[PDB]
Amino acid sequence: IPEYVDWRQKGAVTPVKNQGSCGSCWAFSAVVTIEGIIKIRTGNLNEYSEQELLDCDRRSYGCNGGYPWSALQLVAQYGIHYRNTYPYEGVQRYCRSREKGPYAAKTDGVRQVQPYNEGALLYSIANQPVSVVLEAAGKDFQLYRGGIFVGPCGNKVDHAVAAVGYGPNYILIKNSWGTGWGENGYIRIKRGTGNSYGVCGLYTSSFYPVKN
């Protein structure tokens, strides 16, 4: 795999979103990987509905948090609508997929990246954007304005984001805290420290959609 990967340069990443006060990071994270893999397979970059996963993934807890892997399974089992059709409201409502016509996209499954393995994660990112989790509760993460982030942070992962690239010394992360945070909404987190958990627990739990 290459020394640098940046899925934004291959037109596979949509604009940075702001999840607002809702703990919907798991849905935002999942959607980034769906947007990425649909562009990779079909050549079209579309925005898909975080709100639909928020409303419809019964294994997750709406704005109280949830699981990127369960949202990803939902899109593989059923499908997902365009964001325009099912826009983000920042609050869990009832599942409205059936009121909004045919799904816009469907995936074929969900894979887990071997945890605690930097190389396995980089290999996955070289193929497509990946949903990853990290500890974002720390003030250093929250106040991040740029640079390669080394922490401090622990491994109490609490925040799903999407890895959309990497370099020799970082993994490039699309956050869902709006374009004012970090590097226009992105963070570069240091890699290659030998910490099996990854910086801020980044290697704890990583999933990506499969699309044939």
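The first residue of the sequence shown is number 1, and the count goes up from there.
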Between 100 to 108 and 120 to 128, the record assigns the higher mean Cα B factor to 100 to 108
Looking only at C-alpha temperature factors in the entry, 28 to 36 or 141 to 149, the higher average sits in 141 to 149
Record-listed C-alpha B factor of residue 190: chain third: lowest
By its CA B factor, does residue 134 count among the lowest, middle or highest third of the modelled residues in the chain? lowest
Could you place residue 11 in the lowest, middle or highest third of its chain by Cα temperature factor, using the values in the record? highest
Sorting the chain's modelled residues by C-alpha B-factor, tell me whether residue 45 ends up in the lowest, middle or highest third. highest
How does residue 87 rank on Cα B-factor within its chain, lowest, middle or highest third? lowest
